[PDB]
Each structure stands twice: as structure tokens, then as C-alpha cells.
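In: My complex, part one, positions kept as in the full thing:
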Amino acid sequence: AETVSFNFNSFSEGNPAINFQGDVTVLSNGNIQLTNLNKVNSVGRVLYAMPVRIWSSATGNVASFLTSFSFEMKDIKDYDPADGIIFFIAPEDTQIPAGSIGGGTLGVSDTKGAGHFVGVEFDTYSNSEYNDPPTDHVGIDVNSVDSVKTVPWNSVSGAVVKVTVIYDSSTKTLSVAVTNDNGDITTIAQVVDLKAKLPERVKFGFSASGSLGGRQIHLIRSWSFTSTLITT
């Protein structure tokens, strides 16, 4: 099999294994801060530099993967805690959409919420323009921030949140488990065919954004990942 695995206990902005896009900044404690606090419509994205072959057009096999990460979102005075973080998967040439409005597009889609990526959002602001649930929520997005499926959640300012993700290739099921700060766990699962939605080679990463009047601290603290593709 073809296995790809890495693990970041802390990041740095001079590492060739990480692509930075937008307002991304690495702090002295090793955390990655995706948005710029005093910047209007800020957008920041981080991507594992190396593309991962998630499927083969030769065999027809699709990879299974397991990945976990921890983030922190914190309020800043006089600003609406918005807009959220999104763990996404996209073609290897992915870029911040041209003329991005940041805000509720999460840095992955255009104005009407479309784009080419599959992902899991931790949305903290309800945009009715994207059919947002009326509360903080966790959602499964397939080429659009108009979530295929959402689950009410609760973002607690200043808390370290841990996430564990499993995609089983045979059932093509993507399931998510969020351990909150009060101990409670939140899960959400959805069947997504990666082969049909994405190309053979892709890039995984995180993206956060905000608007004018809607901003908050978006930090990524750690990240480990392992994918395995059977070559037979």
C-alpha cells in the first residue's frame, strides 16, 4: 500500500511542508492564526505542501484516511465572532477564489457559495444566503458552503477543541467526532464519493475568514494525518 502520514505538534512559517495563502501568520507559540484581526474581509488558508493521491484511475481504488486536529476560537471586543474554520480537500492547484468576500464563504467559495472542495466546517455565524442553520453548527460541504448536512454545535470562546475524522473508502463514509470543552462529543457522518467529486491528486488544509464587523481569532494548534491506498 501507499501510505502518507505526518504530524505537527507546532508549525513555523519557514517549513517547506506547509503552503500559506492569504493573511495566514504563525505566532511565537507555534500556532497558526488564519485571519488578520484588523483587516476587512480577511481570508487565510494553510495546505500540506505535498499532494496526496486519494484515488487511482488505473485500479479504481480510493484511499481511506484518519486525521485529528485541535483548534481554538476566541472573541475580540467590538466584533461579531465570525466566521469559522473549514477543514477541506481540493484539487492540487487550489487558490483563494479571485475577489473573495471572505465572510460566510469561508475562503473556499465564490459569492454564491460555490467552489471545488469537500470539507467539514465549524461555522460560527448564520448566513441565510447559504441556508445556514440558525445556530453554531458543524457541517459537511461538498462543492458549496450550502452544507449537505449540518449538526448544531456550540463554539466556546477561548476553548481548545479536538476533532477526529475517518473516511472509509469501501462505504465512502466520512464521519466526524468533536470533543468539546465541557466533555461532550458531537458527531456527524455523510457518504461522499471522493472519486466523483475530486481528482486523483488533492491537497488538504484549513481555511478561515471574516468580514468587516465580523472577526475572531482562528488558530490551528496541531495536526496529524495518515492515508492508505491499496495498490492491488
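Out: Looks like it came in fine. Numbering: from 1, shown residues only, chains lettered A, B, ... in the order given.
In: which SS class is residue A:195?
Out: helix (DSSP: H, G, I helix; E, B strand; the rest coil).
In: burial count for it?
Out: Close neighbours of residue A:195, defined as other Cβ atoms under 10 Å, add up to 18. From N, CA and C alone the C-beta is placed, and that goes for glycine too.
In: Double-check it against residue A:62; I have them as touching.
Out: Yes - applying Cβ atoms under 8 Å as the test, residue A:195 and residue A:62 come out as touching, 5.4 Å apart.
In: any residues in contact with both of these two?
Out: When contacts are counted by Cβ atoms under 8 Å, 6 or more residues apart in numbering, residue A:195 and residue A:62 are jointly contacted by residue A:55.
In: who's in contact with the residue nearest the centre of chain A?
Out: What sits nearest the mean C-alpha location of chain A, by Cα atoms, centre = their mean, is residue A:87, with 1.3 Å. Residue A:87 sits next to A:69, A:119-121, A:163, A:165, A:204-206 when contact means Cβ under 8 Å, 6+ apart.
In: Now flag whichever of those residues is closest to residue A:146.
Out: Of all the contacts of residue A:87, residue A:121 has the smallest distance to residue A:146: 11.1 Å, by Cβ to Cβ.
In: Show me what that closest one is bridged to.
Out: Applying DSSP bridges to residue A:121 gives these bridge partners: residue A:86, residue A:139.
In: quick one: it and residue A:144 touch, right?
Out: No - in this structure, residue A:121 is not within contact of residue A:144 by Cβ under 8 Å, at 10.9 Å.
In: pretty sure residue A:161 is touching residue A:72, no?
Out: Yes - between residue A:161 and residue A:72 there is a contact under Cβ under 8 Å: 6.9 Å.
In: how close does the residue lying farthest from the centre of chain A sit to residue A:170?
Out: Distance from the C-alpha centroid of chain A peaks at residue A:232, with 30.6 Å (Cα atoms, centre = their mean). Counting by Cβ to Cβ, to the nearest Å, the gap between residue A:232 and residue A:170 amounts to 14 Å.
In: any shared contact partners between residue A:161 and residue A:72?
Out: Common neighbours of residue A:161 and residue A:72 are not found (criterion: Cβ under 8 Å, 6+ apart).
In: In contact with residue A:152, which residues are there?
Out: A:133, A:135-137.
In: here's chain B, drop it on:
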Amino acid sequence: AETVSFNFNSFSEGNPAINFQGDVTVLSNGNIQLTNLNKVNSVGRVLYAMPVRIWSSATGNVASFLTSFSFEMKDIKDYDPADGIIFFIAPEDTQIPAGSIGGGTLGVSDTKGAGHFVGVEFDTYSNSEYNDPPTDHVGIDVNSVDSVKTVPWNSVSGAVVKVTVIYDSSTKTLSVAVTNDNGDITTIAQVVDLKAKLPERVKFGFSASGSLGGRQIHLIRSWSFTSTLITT
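Out: So that you can see how it sits with the rest, here is chain B on the chains above:
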């Protein structure tokens, strides 16, 4: 929400939180050895002592859970490395079946391979009587050791294996991710309705067994668990 959570980084004799059934022994290093290498048809089981309420007849909700543990199986001179470990979920009254032959029943089934439980097995011996695949394998068992779904695998003597299971209550999906010592991961997923196969209160634990001639070391090294039921 109703949450149950715990974490064992080692075990000790006399902790009211754990129930021991059969040939279980607590090693001086904090590990739990499931079977007796000197007994024929050995069976050892360990359970979280408190029943967990997995679904409510009042509301109709089903809990979601995330649990992870790691184990090790090691070969012993002269005996066939058999038969394996199984993480299971059973009614509150659960006990080692009456006339257990151990062996391929894994300590949770009768002689024909039937019982009342839902569980994940790590089978190191192929029993044609239970329709086992020809190689070591990981399997999803619903009231039978004749697995509803299996996936090839390879037990390595002395290797520590780490496992992650996520049960998403809404899709009723149970997913597993196994991390071999070599780095490659193994996954298997299956929709299993817990509300349909089990009582409101259940118990969680691990079971292992052997035969005459089929024997090996079965160790549980750690276990963490968290379940959350959306209360009324």
C-alpha cells in the same frame, strides 16, 4: 446532554470501575492480560462497571460515542496464536455464555456462534464453522461471530495496535480505524442500529479466548471513552 467519560492509561486490581469476568489478570505493569495460558478453553473479559444508557425510550434519542484503546497480542512457544480480541457492547446482565468452549466464539457467543452483542473483532484464526475469511481480519459482529462484514488484516506478534471507533447516532454508522505498527491504517464501516439490537442500558468491554492448543498473550494497554446522549 448526558455524557459518560473515562480514561485508563493503566489498570490496577480493585478499582470498582472495572468488572473482571473469567481468566483476567492485572499485570504488575498496569496491563490487563485477558486469558490464562495454562487453562484449556480460557476466557477472560473486562467491562466498564457502570451501565451506560445508550438510547432513551422516553425521547427516542440514541447516544453517539468515541472510544479508543490499544492492545497487543504475542506468540507463545508450542501453541497456535489464537483466537483474538473483541470490543463489544452487550445488555447489562451480560456474562460469559453458560458452557463456553472459548476458542473461535471469542467468549461472547454460544457453540453455534450466536449471542446478544454488537462488537468489533480482531480475529487471528480462521474458523470455517463461523465463515471466517482465510486470513487474520477485522470484523463487525451483530449478534454472531459470523461477521456482517470483514476486512483483511495482519496481527503482528509484539506489535502494539491502536484503534479508534466513532459511532454516529444519526446515521447509525459505526466506523473503525486501525493503526498497524508499520503506519498503514485499516478501516471498516457499517450501519448498525443499536436502538434495534440492544436494551437501553448496556455495558462495554473487551473479551478474548483460546482453546487447547490455540493460545497466545492478549493484553489491553489503555482505553478512553466518551458518550453523549441528547437529553430531553
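In: same question on the neighbour count of residue A:195, but with chain B included?
Out: Neighbour count of residue A:195, defined by other Cβ atoms under 10 Å in any protein chain shown: 18.
In: OK, contacts around it?
Out: Contact analysis of residue A:195 by Cβ atoms under 8 Å, 6 or more residues apart in numbering or on different chains lists A:55, A:62.
In: Quick check: end-to-end length of stretch A:182-198?
Out: Stretch A:182-198 stretches 36 Å from its first residue to its last (Cα to Cα, to the nearest Å).
In: Any idea how many residues pack against residue A:20?
Out: The number of residues packed around residue A:20, counting by other Cβ under 10 Å, is 19.
In: Likewise for the one 3 residues further on?
Out: A total of 23 residues lie near residue A:23 under the criterion other Cβ under 10 Å.
In: Distance of it relative to chain B?
Out: Separation of residue A:23 from chain B (Cβ to the nearest Cβ, to the nearest Å) stands at 33 Å.
In: ok, back up a step: which residue, other than its chain neighbours, is closest to the residue nearest to the centre of chain A?
Out: Of all residues not flanking residue A:87 in the chain, residue A:120 sits nearest, at 4.8 Å (Cβ to Cβ, 6 or more residues apart in numbering or on different chains).
In: just checking, the one you found touches residue A:86?
Out: Yes - with contact defined as Cβ under 8 Å, residue A:120 reaches residue A:86; the gap is 7.0 Å.
In: need the longest strand for chain A.
Out: strand A:217-229 (DSSP state E).
In: For that strand, name the packing helices and strands.
Out: Judged by 3 or more Cβ pairs under 8 Å, 6 or more residues apart in numbering or on different chains; DSSP states H and E, strand A:217-229 is in contact with strand A:2-8, strand A:32-33, strand A:43-48, strand A:64-74, strand A:84-91, strand A:201-209, strand B:185-191.
In: Of those strands, which is nearest residue B:40?
Out: strand B:185-191 (31.6 Å).
In: contacts for that closest one?
Out: Under the contact criterion Cβ under 8 Å, 6+ apart, strand B:185-191 has outside partners A:3, A:64-66, A:166-171, A:173, A:175, A:226-228, B:138-140, B:148-151, B:153, B:171-180.
In: Go again with 7 Å.
Out: For strand B:185-191, contacts defined as Cβ atoms under 7 Å, 6 or more residues apart in numbering or on different chains pick out A:64, A:66, A:166, A:168, A:171, A:173, A:226, A:228, B:138, B:140, B:148-149, B:151, B:153, B:171-180.
In: Chain C next, sequence below:
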Amino acid sequence: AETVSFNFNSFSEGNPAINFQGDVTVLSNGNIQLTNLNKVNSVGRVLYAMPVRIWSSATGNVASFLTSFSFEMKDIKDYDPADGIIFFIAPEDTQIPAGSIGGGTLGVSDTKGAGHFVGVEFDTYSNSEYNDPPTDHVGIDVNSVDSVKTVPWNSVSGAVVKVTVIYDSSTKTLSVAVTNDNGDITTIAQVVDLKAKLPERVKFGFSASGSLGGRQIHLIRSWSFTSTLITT
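Out: The block that follows adds chain C to the chains above:
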């Protein structure tokens, strides 16, 4: 390390982790009401259902523990605001004393004020028979409601009180910090050798009582707990 920890932000009817004894009620809000307002000499107690092993007889170790909870007492028309709440530790077989008069026994002692427990009381009525100080008070009780030590305090009808307690195994010091409504803190500390007054396995919980004439609302709103026993 052998650790037990739990967190109840709210309570629910039917949870396997909570034992109710006497006049206990779970309100629609998740709060627990310890006494019945229409009953003479009412008593209600709520306990963490699992026995916790506080000291080991193998090694000579006693566990340290940190617990916090919040309660509220509130006046009811025409009745004297009595008698108070008590957070206690008792042998795992603990039960409301046979033919209990409620009142100043706080539901944990007998008519003479004796019993088998260690506890911190939030006493709202002065019982000269148990040598109560003349004002409301916080007391440390060792097998009796005639406190080993008390400190004046003031109960505010409808106020949410927060309490933190730390037991340090090495010195044997039980420390209590009470945070009133007006922000003021009240403290009390006492050396109590738990290994000499209690059995290895105990249960933790809250008890409240009233009499004819003496009645008020007794609520438990939350409770978190963590104990760690050095096993080695």
C-alpha cells in the same frame, strides 16, 4: 494513577450514574430539588452511583480530590427557611437513617446527631441540641452534626452559591472556598484523616432536610469531580 472524574452541568431522570434517595426530584430545568415542600420532616439525598476507592489497603495511599458544585436555597411563604444542605462522603452502603426526623440531622445522622460520614454543611437553622453556632454557618462534620469546626456565613434566598473543595492526601487537609453572591469568599479548612474515618470504598453525594414548620427549596445545579489515587 487511578482516576475518577465526572461533570454534571445538569441532571436527568434515569441516568445510571445518579442514585436518588427520599424526596429527590429532577426539575424540567435539569436542577435537582432535594426536599418535598408539602411533607413533614422531608429528606432527599442524591449520590454518585459508583463507589470510589479513596484509599488502598495494599499500599498505604489516600487519594486527593478536587470537586466543585453550586447550589441555591430559596425561601417559601409562611415557613422558616430550614435546614440546609450537606456535601458528604459515606460507606458505599449508605442509606437514609431509619426513622429519620429530618430537621437538624440534615438527613445523614440520627436523633442524637451521630452517624458515619464526613461532610461540609451549609447550615441555615440553629439547633442548640447539636451545639450550633447562633448564625447561619459552614461546618466540617466528622461522624456527627455537632461540627468539629464552624465559620459564620450568610444564606441569601435565591442566590446561586459556588463551592470548591480540595483534599490533599499527604497533609490530610480538607479545604473549602465558598463564593457568595456579593462576590465575597468564605473559607474553612480542617485536617481529617479519611483513611481512619472511612472504608476504602465510599460514595459522594448531597443531602438536605426540613421539618414541620421548617421548609425551603434546596437545589443542586451542577457538580464536577476528580480524584486521583497514586497506584504504583
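In: mind redoing the contacts of residue A:87 now chain C's in there?
Out: Residues near residue A:87 by Cβ under 7 Å, 6+ apart: A:119-120, A:206.
In: swap in residue A:33?
Out: Contact analysis of residue A:33 by Cβ under 7 Å, 6+ apart lists A:25, A:27, A:217-219.
In: which among those residues end up buried?
Out: Among the contacts of residue A:33, those buried by neighbour count (16 or more other Cβ atoms under 10 Å in any protein chain shown) are A:217-219.
In: residues contacting the residue in chain A positioned nearest to chain C?
Out: Among the residues of chain A, residue A:183 lies nearest to chain C; the distance is 5.2 Å by Cβ to the nearest Cβ. By Cβ under 7 Å, 6+ apart, the contact set of residue A:183 is B:3, B:5, B:226, C:7.
In: Of these, select the buried ones using a ChimeraX command.
Out: Listed next is the ChimeraX selection for buried residues among the contacts of residue A:183, using 16+ other Cβ under 10 Å:
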select /B:3,5,226
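In: Between all of the contacts of residue A:183, which two are at the greatest distance?
Out: Longest span within those, Cβ to Cβ: B:226 and C:7, 11.0 Å.
In: Name the residues of chain A found near chain C, please.
Out: A:182-183 (Cβ under 7 Å from any Cβ of the partner chain).
In: what residues does chain A put near chain B?
Out: Selection of chain A residues close to chain B by Cβ under 7 Å from any Cβ yields A:1, A:3, A:5, A:64, A:66, A:164, A:166, A:168, A:171, A:173, A:175, A:177, A:179, A:183-185, A:187-189, A:226, A:228.
In: Now, of these, which are buried?
Out: A:1, A:5, A:64, A:66, A:164, A:166, A:168, A:171, A:173, A:175, A:177, A:179, A:183-185, A:187-189, A:226, A:228.
In: show me what contacts residue A:14?
Out: Contacts of residue A:14 (Cβ under 7 Å, 6+ apart): none.
In: Ok, residue A:149 next?
Out: Going by Cβ under 7 Å, 6+ apart, residue A:149 touches A:139-140, A:188, A:190.
In: Tell me what the closest residue to residue A:218 other than its chain neighbours is bridged to.
Out: Using Cβ to Cβ, 6+ apart and skipping residues adjacent in sequence, the residue nearest residue A:218 is residue A:208, 3.6 Å away. The partner list for residue A:208 in beta bridges (DSSP bridges) reads residue A:44, residue A:85.
In: Neighbours of residue A:208, how many?
Out: Residues lying near residue A:208 (other Cβ under 10 Å) number 34.
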